[PDB]
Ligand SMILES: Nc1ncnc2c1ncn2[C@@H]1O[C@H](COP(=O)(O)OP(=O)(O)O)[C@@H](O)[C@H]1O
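Below you will find one chain, with nothing else, as structure tokens; this is the form solved without this ligand, and questions on how it binds or moves follow later.
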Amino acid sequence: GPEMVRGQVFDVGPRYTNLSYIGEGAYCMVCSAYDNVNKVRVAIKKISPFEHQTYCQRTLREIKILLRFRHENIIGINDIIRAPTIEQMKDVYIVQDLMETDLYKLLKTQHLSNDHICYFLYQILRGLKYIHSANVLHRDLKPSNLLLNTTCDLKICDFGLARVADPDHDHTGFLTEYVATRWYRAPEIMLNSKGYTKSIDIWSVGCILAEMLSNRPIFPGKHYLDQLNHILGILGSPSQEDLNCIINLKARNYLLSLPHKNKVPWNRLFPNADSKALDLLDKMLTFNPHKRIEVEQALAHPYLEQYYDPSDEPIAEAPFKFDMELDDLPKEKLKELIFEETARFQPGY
């Protein structure tokens, strides 16, 4: 019958032996297993999304993106297991390269050399350039979404919150709430942004970089507005012309109402960090999203010159303009669309 893992059913069938449980989630469960056709241990997350209309949007988005992206710094999909019919399908299993750890697990325990920090940051930017070249925004870059194997190869995962970029419809009101992880939110998310620009991802990488320099998140806000307060605590009060790009008065006046606080110098917060690294951190974490450095510009920064090579930093061939309108879609057209996009892995194809 179906083999079990910590109680639940985990029937990944005759290609994947020797189940070895790793973790859980709201609808996830991930296990180690032996891939008999290719003789390598692989990862498998078992998604059970079809009850919540919001979980199918996150599942169809990840699956669609991941299959079209092919990049050494973005996790791929090796296989997909589901039932042969739509109505027998209660689960979808995604087979990925097994990855021993992630940056979150590693920052909790290991203190990174400057060579490691430089290398991990290069790998993030190089895969991000491919994402942005496909006109995709990740929107949830944090350490736990950066996998690593035992030779410190880095791969970006979990495109569940990703959108096709849309800079012309990015503006919104003050305190317009947001799904992505709080500690890595750009300040403009809390002021006037829906997170539909590429600059939303650079800020998160900036945050990852700061956390790599010190094994500590730089802006650990505890609720939605403390986040903005943490950022201004270190960047200092936004300049006049910075404020002169915030047209929304509810956001502009909140900023005016705060007492003047001085910039905290980076060399102070990170006094054994490479000075080249602090200067790029500066450009990645500029308050003004338009002043903020772009991904390809970050790759050509002197801090990464030992690795920089634009001919070896590939861009996507197939960009999206298919924002796919997934959230005007009922229970069933999501399930039927997840069913259709996985067909290329079913036997008889």
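The first residue of the shown sequence is 1; numbering continues from there.
Not pictured, yet referred to below: the form deposited with this ligand bound.
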Among 253-261, 127-135, 224-232, 145-153, which stretch has residues with heavy atoms no more than 4.5 Å from this ligand in the deposited bound form?
145-153
Just checking whether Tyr308 would be counted as a contact of this ligand in the deposited bound form - the rule being heavy atoms within 4.5 angstroms.
no
In the deposited bound form, is there a heavy atom of this ligand that lies within 4.5 Å of any heavy atom of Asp279, even though the partner is absent here?
no
Just to confirm, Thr197 within 4.5 Å of this ligand in the deposited bound form by heavy atoms?
no
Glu24: touches this ligand in the deposited bound form, heavy atom cutoff 4.5 angstroms
yes
Counting any non-hydrogen atom inside 4.5 Å, which residue from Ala300, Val30, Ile315, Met324 sits next to this ligand in the deposited bound form?
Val30
To verify the annotation, which of these, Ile81, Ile75, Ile218, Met190, has a non-hydrogen atom within 4.5 Å of this ligand in the deposited bound form?
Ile75
